[PDB]
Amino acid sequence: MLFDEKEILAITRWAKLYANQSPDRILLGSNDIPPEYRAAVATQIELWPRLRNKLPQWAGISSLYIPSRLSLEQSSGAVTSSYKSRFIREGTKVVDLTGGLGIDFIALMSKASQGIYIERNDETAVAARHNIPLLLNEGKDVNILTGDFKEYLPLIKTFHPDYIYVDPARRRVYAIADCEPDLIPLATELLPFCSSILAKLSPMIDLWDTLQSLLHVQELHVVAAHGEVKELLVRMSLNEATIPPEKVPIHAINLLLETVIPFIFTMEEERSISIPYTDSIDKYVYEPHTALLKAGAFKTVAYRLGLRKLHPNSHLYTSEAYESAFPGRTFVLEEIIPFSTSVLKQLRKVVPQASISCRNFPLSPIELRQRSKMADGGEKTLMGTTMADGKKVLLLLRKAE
């Protein structure tokens, strides 16, 4: 069932009026909802808790209509959508080619004054056509279009936006060749009619594959939130000189509960550096965040910060002096234990309970936990890893602050 504006207004009024009824009660229970609208109202009620968790600012807005559970689970989160606003100069023009629930478009429009939103799916577009004006600040100009952007190329070219944003879908591995829409012909055709294209890519895409496959890339950002990599963002522009792939600036950023500073490097730098690997542990132990790991700044972090790395495949660092601003977790070393199967049942002797992590180790953390019978909780961490000479060890760590 597709709804017009009048019906969407009624459905949201009924979802609110009858908010305290379960979806089954909506369906077979007491209210003034005509039979043909009860499923739609029940659907809005059913998914409101999941909307509140993901987009709490939306769940508090009256009259917002969620086109589907499908569209809700596919959308950007609140924190990454807003990071994107940093790419967009205040008062500019934007086109969003791939649309969706519209949270990325809204984040772009926090800065831009004019925008075109384009969404292939009629149902999704109808909801956006309703929701978008309820979410925009005052003095914003938008055009909300249904269909494939390839049917609107003359309008897009005439608009000549400052930015064109695209979030492609996937048509084992996720390659740049699998992007729908295909980014290479898209860029060939549209780079001449915008300042930049900003593409949001899956965290499963290979960085090097991306940098080898896309022309005119100016920067690539690896963006983590909630402890995990959420997206890669690539900006392309004919406006600026071509940068060879090994020289493209890579930004690794871990978004947190507050201003934070990116780790910026290049593959050329990563490849060109060489570092010491240590057979021995020092006082401080450092574990890089997920965005650093995905970006591949394994050596650069040690070189930039004057740290020793344990092993080429152990993505942990150590130093005698305290680095206070480390990009990940910092620990104080309490014990180092040479690993063998026989030590596992002895670990309860060393600490009453612990979190367990592994960085290059023959057991997974859950295997380490079960085989040692180690209670979870507390403030300490047991870390399985490998030193530069291949010796496997367990580290007993406490947080540095």
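For every residue, the number given is its place in the sequence shown, counted from 1.
Quiz item: How many missing residues of the deposited sequence lie between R171 and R172 in the entry, grouped as none, 1 to 3, 4 to 9, or 10 or more?
Solution: Going from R171 to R172, the model skips 4 to 9 residues of the deposited sequence.
Quiz item: Are any deposited residues left out of the model between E320 and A321, and how many (none, 1 to 3, 4 to 9, 10 or more)?
Solution: Gap between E320 and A321: none, chain continuous.
Quiz prompt | Mean temperature factor over C-alpha atoms, higher-scoring stretch between 185-193 and 283-291 | solution = For C-alpha atoms only, the mean B-factor is higher in 185-193.
Quiz item: Once you work out the mean C-alpha B-factor for both 273-281 and 174-182 from the entry, which is higher?
Solution: Higher of the two, by average CA B-factor, is 174-182.
Exercise. Have a look at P56, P352, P365, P338 and flag the one whose Cα has the highest B-factor in the entry.
Key: Highest C-alpha B-factor among the listed residues goes to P56.
Practice problem: For the C-alpha B-factor as written in the entry, point me to the maximum among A127, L233, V94, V260. | Solution: When the deposited C-alpha B-factors of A127, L233, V94, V260 are compared, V260 is largest.
Exercise. Could you tell me which third, lowest, middle or highest, the C-alpha B-factor of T386 occupies within its chain?
Key: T386: CA B-factor falls in the lowest third of its chain.
Exercise. Could you look up the Cα B-factor of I88 in the entry and say which third of the chain it sits in: lowest, middle or highest?
Key: For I88, whose C-alpha B-factor we compare with every modelled residue in the chain, the answer is the lowest third.
Exercise. Would you mind checking where the Cα B-factor of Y37 ranks among the modelled residues of its chain, as the lowest, middle or highest third?
Key: Its C-alpha B-factor, which the entry lists for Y37, ranks in the middle third among residues of this chain.
Practice problem: Ordered by C-alpha B-factor within the chain, which third holds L136? Give me lowest, middle or highest, please. | Solution: Ranked within chain, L136 CA B lands in the highest tercile.
Quiz item: Sorting the chain's CA B-factors, does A10 end up in the lowest, middle or highest third?
Solution: Its C-alpha B-factor, which the entry lists for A10, ranks in the middle third among residues of this chain.
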